[PDB]
Amino acid sequence: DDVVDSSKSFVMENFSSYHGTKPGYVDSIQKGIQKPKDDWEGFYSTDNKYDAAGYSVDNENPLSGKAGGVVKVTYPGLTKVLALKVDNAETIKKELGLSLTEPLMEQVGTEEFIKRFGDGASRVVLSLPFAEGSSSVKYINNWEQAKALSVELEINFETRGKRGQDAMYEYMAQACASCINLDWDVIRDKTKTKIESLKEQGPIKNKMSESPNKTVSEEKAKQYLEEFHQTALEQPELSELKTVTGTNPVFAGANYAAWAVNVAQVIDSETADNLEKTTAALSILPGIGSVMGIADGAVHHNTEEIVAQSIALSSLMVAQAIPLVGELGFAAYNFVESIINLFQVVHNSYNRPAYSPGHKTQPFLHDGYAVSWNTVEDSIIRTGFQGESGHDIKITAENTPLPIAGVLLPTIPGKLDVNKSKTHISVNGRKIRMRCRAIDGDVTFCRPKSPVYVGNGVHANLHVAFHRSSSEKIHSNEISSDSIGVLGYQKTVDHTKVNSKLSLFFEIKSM
Amino acid sequence: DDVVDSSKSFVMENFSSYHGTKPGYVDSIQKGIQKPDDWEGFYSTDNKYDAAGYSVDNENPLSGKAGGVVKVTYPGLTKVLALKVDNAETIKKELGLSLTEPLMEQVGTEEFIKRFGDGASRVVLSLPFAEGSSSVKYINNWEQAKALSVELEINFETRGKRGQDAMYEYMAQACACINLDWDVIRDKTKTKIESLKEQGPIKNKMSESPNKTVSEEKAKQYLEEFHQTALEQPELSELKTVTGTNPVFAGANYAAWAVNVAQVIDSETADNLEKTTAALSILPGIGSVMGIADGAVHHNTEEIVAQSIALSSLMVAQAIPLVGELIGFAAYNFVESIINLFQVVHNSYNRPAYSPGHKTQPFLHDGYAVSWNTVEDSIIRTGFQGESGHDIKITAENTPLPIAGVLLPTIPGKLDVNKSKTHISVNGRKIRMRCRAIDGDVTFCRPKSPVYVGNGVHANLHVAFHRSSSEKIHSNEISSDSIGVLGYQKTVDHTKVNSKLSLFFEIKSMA
């Protein structure tokens, strides 16, 4: 009983779920669910068709191969979803008193097990969380009981007749109706067109002729590529790319050039003539954010027109850098296909719901510091009661000793005050009390009463204590900021003195 | 019951503990503990070195004088009541005290001493002293505390040493380790400053000084030159040798430190040691002066520490005319204040602390951040046949950086990688893995779809281990004590390698 979350268990009629299917098995699987020729051996499905589709790619070519499809499988009649709180077979069988020999999924398909936990249903399906960061479940079915499932087709990616994995990824992008929902046929065509025509452009032909066109050093291949990147960017095909990449130093020509040098150095002949091997090699390079226009938590390049421009620019740069630092046409063929595949992976990551830095236990990384709420409950300021709470914040830095100057805390007249007594900061166990003064009616600032430094080997725990004088709940009208502000070292941003700001974002909730 | 930790509670005869004491009370307090709301009480600790932390001039807490540490003993029998939570309201409920009477009034009554003292003549509350500390704090009811006898452990002021040196030399005893003589370091510093400013090339280089306000780039350029020259004098000879390779100790950082010092020290500030300390304590870059980098205190001999501080004193003096607001500071309060910050950081590094990638301390490297999700995750338990799971958090600070794979320990029998349950999830997208042994002690798992992390994209790497033998695992059987998560591919000494993100585990039995 300590192992079953009944809150997530239920019986249902015509229980449905989804199963990703690999190329070839799409039509065969509609015949019926059959085990092919250990405690957890069973048929696996999920409640999220979009997460199912990720199980659907050619296993001989998982990175770049073709995507099969998704089938929906339904049990006729009544089905008991038994949600389990732990994924250790031994543990389960004990706290349920099962045959510590019989495999767990062996036992789950027996009349006896179906009797005990079935609640009147014809069979049991186990439910576990799909993954960390996911709200989906994975369903584990017994292979005998699975003989009863009807199999309808949800989608077959092969039928859609699109290039690469475009079908699978445009499917997954439906999950978000924000949302990067790009037409990759449009982007592929625009890309081809822009490459072809940029090649025929006068200043580009001109700038190519100036190329050492032979093996050289990274330092000068990089210099040339930076020059090629500047002139290329001046042509009308790349006018919008020029405008969106002029400010953010992540998108500068020097990073395009470093990318291009790095691709050209690692792509041999064996590699270039295979999409799977190409993708694997490219997938371990740093700096891809430069080409994607992804930085600071945002996909900036989010229109078909600007993505194809960026990919076209990058395709030419690889072409130029290959004779300078390489070893061989790939720049227009396998390179473009592989990099489109990588765009799709990363766009999909950003489409999926996720906590930003400084939310829940996701670290906030800035100026060499790393700061985070110690547990999920710490990031929650409970409301609607008279009294006290504590909130732990972890704090360190990557290398040398960097200071912590203090922390800015939210206050709300009557409902949220800084317990100045219990608020402190502890550095490798050394407990440091704080002097807290109010700035205005909504912000208190606490400073350590002896110096705080963190670094490699030196971490701090910032303990914030809140007091509530009323039991009236906080309403949104009442609170401006949603972050606690830990202040690092003092710097001069904009001819003016400021502290590095390490932000930890809280949620106001009731019990 | 649910609120009291029997295991850390006990009755003791002549229970003693320690109390830090401010200047002007080291003698007063020995006459007796008198009071001069829930937690209103007298505070002591089982750790006399932590107690020494509370001994500093409350009006000058950064830099003021340290008072002393006294030992306080109850005669007869005393109950130490250790509590699992620190919320007064929770306590009173789960123990059935009155929700009106404050906790530290309740605990000093015969009704509480009857019910909770196990026969002792009074109760003391024990709570954990701080995160990252093994000490406890004791909360003594004030009236009961009248029975305490008070003996002197140490009076820092009678040592008659400069600054806070007596306090910090006492604290350094905890590790029998950085145990420097600051009297010696002060004297060597005075001496080296005095003889350096009379050296020929130093006087020569001081003539070349603009000796007027100039640009920050200009003064930086000048100070780097002064640094090179000074470092060639024989007073700094060993310093020259130790700061030659590591770029954190380069002259450009000394230069940057001195520039930033001069820019924040105005006249009010230079004339007050507490204000100078306040201002210096929030500057970046001090680790260059302290010789502190990569988790280690490099300058750990009195001669080298004096050399670095002497050098910095001179540079501060040269830098003030070029970006300043005032020059006796560089040898008066600057050296006093910086000696103090030295002592703080040294003390941090003397205290036991988990290093990056140990337990839940993050490993920060090449823009990534990785950590064991929980303390238990970092533990590979042994002594049974079966399975365990281990979660590792992964992200990066800005652009998408890849995760190539992970290297995992194996042992022919006592430990194999469970390739079914081992996986990696990226903002919820579950990614199966291809694992291939690399010898008999190291398996390498690759993601079957590309993995990138970055601002707003994180991964959970789930490692599943299988044990075939109940036989425990022995120290010899296991080569590495770390799990290797591989970042992007880079070149180091003409060879390709992945960024290495290390998570250090401990092997243990269970109970």
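Only this structure's heavy atoms are used, side chains among them; waters, hydrogens and symmetry mates stay out. Convention: sequence-line order gives letters A, B, ...; per-chain numbering from 1.
- Between the CG atom in B:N418 and the CG atom in A:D38 there is a gap of 10.5 Å [rounded to 0.5 Å].
- Taking NE2 of A:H463 as the reference point, atom CG of B:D86 lies at 5.5 Å (rounded to 0.5 Å).
- Per-residue heavy-atom pair counts under 4.5 Å with chain A were compared for B:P362, B:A396, B:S348, B:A459, and the maximum is reached by B:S348.
- Applying the side chain to side chain donor-acceptor pair (under 3.5 Å) test to B:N398 and every residue at least two apart in sequence or in another chain returns nothing.
- Closest heavy-atom contact between B:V426 and A:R352: O-CD, 4.1 Å.
- Per-residue counts of heavy-atom pairs under 4.5 Å with chain B were compared for A:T375, A:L342, A:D367, A:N48; the largest is that of A:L342.
- Put simply, the side chain of A:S450 does not reach to within 4.5 Å of the side chain of B:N340, judged on heavy atoms.
- When each of A:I288, A:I294, A:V250 is tested with B:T399 by the rule side-chain contact (heavy atoms from CB on, under 4.5 Å), just one qualifies, namely A:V250.
- Closest of all the heavy-atom pairs between A:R430 and B:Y168 is NH1-OH, 3.0 Å.
- Here the straight-line distance linking atom CZ of B:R432 with atom CG of A:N59 works out to 9.0 Å at 0.5 Å rounding.
- With sequence neighbours left out, A:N456 forms a side chain to side chain donor-acceptor pair (under 3.5 Å) with no residue at all.
- When heavy atoms are compared at a cutoff of 4.5 Å, A:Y55 approaches chain B solely by way of its side chain, counted from C-beta outward.
- Within the 4.5 Å cutoff, no side-chain heavy atoms of A:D392 are placed close to those of B:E131.
- Between chain A and the options B:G456, B:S134, B:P400, the largest number of non-hydrogen pairs under 4.5 Å is found for B:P400.
- Here the closest non-hydrogen pair linking A:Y453 and B:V345 is CD1-CG2, 3.6 Å.
- Summarising the geometry of B:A130 relative to A:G429, their closest heavy-atom pair is CB-O, 4.1 Å, with the distance given to 0.1 Å.
- Proximity to chain A is limited to the backbone of B:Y354, based on heavy atoms less than 4.5 angstrom apart.
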side-chain contact (heavy atoms from CB on, under 4.5 Å) between A:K394 and B:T360, worked out
CA-CA 10 Å; A:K394 301 159 90 225; B:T360 59; 4.0 Å; yes
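- Of the listed residues B:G285, B:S281, B:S288, the one with more heavy-atom pairs under 4.5 angstrom with chain A than any other is B:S281.
- Ranked by heavy-atom pairs under 4.5 Å with chain A, the list B:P352, B:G454, B:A369, B:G295 is led by B:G295.
- Contact annotation for A:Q362: only side-chain heavy atoms (C-beta onward) come within less than 4.5 Å of a heavy atom of chain B.
- Here the CG atom belonging to A:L285 is positioned 14.0 Å from the NZ atom belonging to B:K490, to the nearest 0.5 angstrom.
- Comparing B:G287, B:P402, B:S425 by how many heavy-atom pairs each has under 4.5 Å with chain A, the most go to B:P402.
- Of the residues considered (A:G133, A:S356, A:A354, A:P286), A:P286 shows the highest number of contacts with chain B, using heavy-atom pairs under 4.5 Å.
- Counting all heavy atoms, side chain and backbone alike, B:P447 lies closest to A:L63 at O-CD2, 4.4 Å.
- When all heavy atoms of A:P451 and B:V344 are compared, the pair lying nearest together is O-CG1, 3.6 Å.
- Remark: A:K360 NZ to B:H458 NE2 distance equals 12.5 Å, nearest 0.5 Å.
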